[PDB]
Amino acid sequence: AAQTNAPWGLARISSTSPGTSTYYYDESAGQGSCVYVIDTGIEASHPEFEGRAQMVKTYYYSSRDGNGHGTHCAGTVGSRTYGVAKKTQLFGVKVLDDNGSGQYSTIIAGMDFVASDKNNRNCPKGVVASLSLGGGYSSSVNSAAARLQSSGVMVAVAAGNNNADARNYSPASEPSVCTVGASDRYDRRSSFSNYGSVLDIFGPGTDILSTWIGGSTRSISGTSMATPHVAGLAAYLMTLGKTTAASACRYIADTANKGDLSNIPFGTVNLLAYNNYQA
């Protein structure tokens, strides 16, 4: 399958050079997999989700995304026009308020909910969790993320947006999850993107067009945009059967585009997420 005039990040996922605009992918498109978007919520009514998005848990009075951050992130996972896995099932877990701010107790409880909820969901191809959030170092937050991964969920987390070593951030510093940095359309590490040995993969993160609340669209930047590229890629590759939740992060890193990004400091992987499209 091919999507012409795709967002540059989607085209980058299937290409071996910057500056293309057509996204090539297998028709399976992540159908049969599930991605939990742990964020401000998901506007499930957005026509770009085609009914494949639903809110399953909120730690606030409403389950609605009153901010837009979570809807944008979920759009990059599996929206029709802006998603990597255009046929996956999206589940919304609202751990961030409508200001985009989270809590220690709610974010930790949210990861516990996903591991307990996935049983009763139809996800024959596997379960993924996308965490476009982060904070200071916390062994508790790291332990909660590792426990979600050990439950049988591919956990992708954002590295952070402070141009700093992600070792001092959680859950970015948890080794057992997949920590994602951001790149720009010119294959340079995004000016804001965190780095460090704890990073596993890079994804498109600068000027990422995706869904927004009110049935609209918006282009924003951050490692919060790069993480759903990797979460959608994992769900796509798990549906294809070439990896599972336990092996997806290493498999993505093993099959990534190597050494093509610029301004990658020594000690940080030079790997860009790549679907290795087999026509």
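Under mature numbering (1 follows the signal peptide of the UniProt record, and there is no 0), the first residue of the sequence shown carries the number 91, and numbering increases by one thereafter. All residues carry an ideal CB built from backbone N, CA and C; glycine is no exception.
Under 7 Å, do residue i and residue j count as touching if we go by C-beta distance?
{"i": "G200", "j": "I128", "result": "yes"}
{"i": "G120", "j": "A325", "result": "yes"}
{"i": "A262", "j": "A256", "result": "yes"}
{"i": "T148", "j": "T301", "result": "no"}
{"i": "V245", "j": "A235", "result": "yes"}
{"i": "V270", "j": "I291", "result": "yes"}
{"i": "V231", "j": "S260", "result": "yes"}
{"i": "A346", "j": "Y367", "result": "no"}
{"i": "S222", "j": "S135", "result": "no"}
{"i": "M145", "j": "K215", "result": "no"}
{"i": "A335", "j": "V167", "result": "no"}
{"i": "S352", "j": "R237", "result": "no"}
{"i": "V125", "j": "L180", "result": "yes"}
{"i": "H319", "j": "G182", "result": "no"}
Within 6 Å: the Cβ of residue i and any heavy atom of the ligand MN?
{"i": "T161", "result": "What this structure holds is no ligand at all, so the ligand MN is not there to describe."}
Buried or exposed: residue i, going by 16 or more other Cβ atoms within 10 Å of its Cβ?
{"i": "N209", "result": "exposed"}
{"i": "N284", "result": "buried"}
{"i": "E264", "result": "buried"}
{"i": "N212", "result": "exposed"}
{"i": "residue 383", "result": "Nothing in the structure corresponds to residue 383, since the chain is present only between 91 and 369."}
{"i": "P97", "result": "buried"}
{"i": "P294", "result": "buried"}
{"i": "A92", "result": "exposed"}
{"i": "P355", "result": "exposed"}
{"i": "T317", "result": "buried"}
{"i": "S104", "result": "buried"}
{"i": "residue 370", "result": "Residue 370 lies beyond the residue range present for the chain, which begins at 91 and ends at 369; the question has no answer from this structure."}
{"i": "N95", "result": "exposed"}
{"i": "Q239", "result": "buried"}
{"i": "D155", "result": "buried"}
{"i": "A143", "result": "buried"}
{"i": "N251", "result": "buried"}
{"i": "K348", "result": "exposed"}
{"i": "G224", "result": "buried"}
{"i": "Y113", "result": "buried"}
{"i": "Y151", "result": "exposed"}
{"i": "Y172", "result": "buried"}
With DSSP as the reference, label residue i as helix, strand or coil.
{"i": "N347", "result": "strand"}
{"i": "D155", "result": "coil"}
{"i": "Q239", "result": "helix"}
{"i": "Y150", "result": "coil"}
{"i": "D277", "result": "coil"}
{"i": "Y114", "result": "strand"}
{"i": "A321", "result": "helix"}
{"i": "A234", "result": "helix"}
{"i": "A164", "result": "helix"}
{"i": "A338", "result": "helix"}
{"i": "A134", "result": "coil"}
{"i": "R170", "result": "coil"}
{"i": "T333", "result": "coil"}
{"i": "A369", "result": "coil"}
{"i": "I303", "result": "coil"}
{"i": "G192", "result": "coil"}
Using a Cβ-Cβ cut-off of 8 Å (strictly less than) and excluding sequence neighbours within five positions of residue i, which residues of its own chain qualify?
{"i": "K332", "result": "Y341"}
{"i": "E140", "result": "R170"}
{"i": "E117", "result": "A91"}
{"i": "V243", "result": "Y126, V204, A205, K208, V217, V218, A219 and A335"}
{"i": "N258", "result": "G226 and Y227"}
Name, in chain order, the residues that DSSP records as bridge partners for residue i.
{"i": "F292", "result": "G271 and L362"}
{"i": "residue 440", "result": "In this structure the chain extends from 91 to 369, so residue 440 is not present and cannot be described."}
{"i": "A248", "result": "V270"}
{"i": "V217", "result": "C124 and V243"}
{"i": "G225", "result": "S260"}
{"i": "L180", "result": "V125 and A143"}
{"i": "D187", "result": "According to DSSP, which records beta bridges pairwise, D187 is partnered with nothing at all."}
{"i": "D255", "result": "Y285"}
{"i": "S352", "result": "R278"}
{"i": "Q93", "result": "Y113"}
Short of 6 Å in beta carbon distance, which residues of its chain neighbour residue i, apart from the five on each side in sequence? Order them along the chain.
{"i": "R102", "result": "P294"}
{"i": "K177", "result": "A119, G120 and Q121"}
{"i": "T296", "result": "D274, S280 and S311"}
Leaving out five residues before and five after residue i in sequence, what residues of the same chain have Cβ atoms less than 7 Å from its Cβ?
{"i": "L289", "result": "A249, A256, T269, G271, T358 and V359"}
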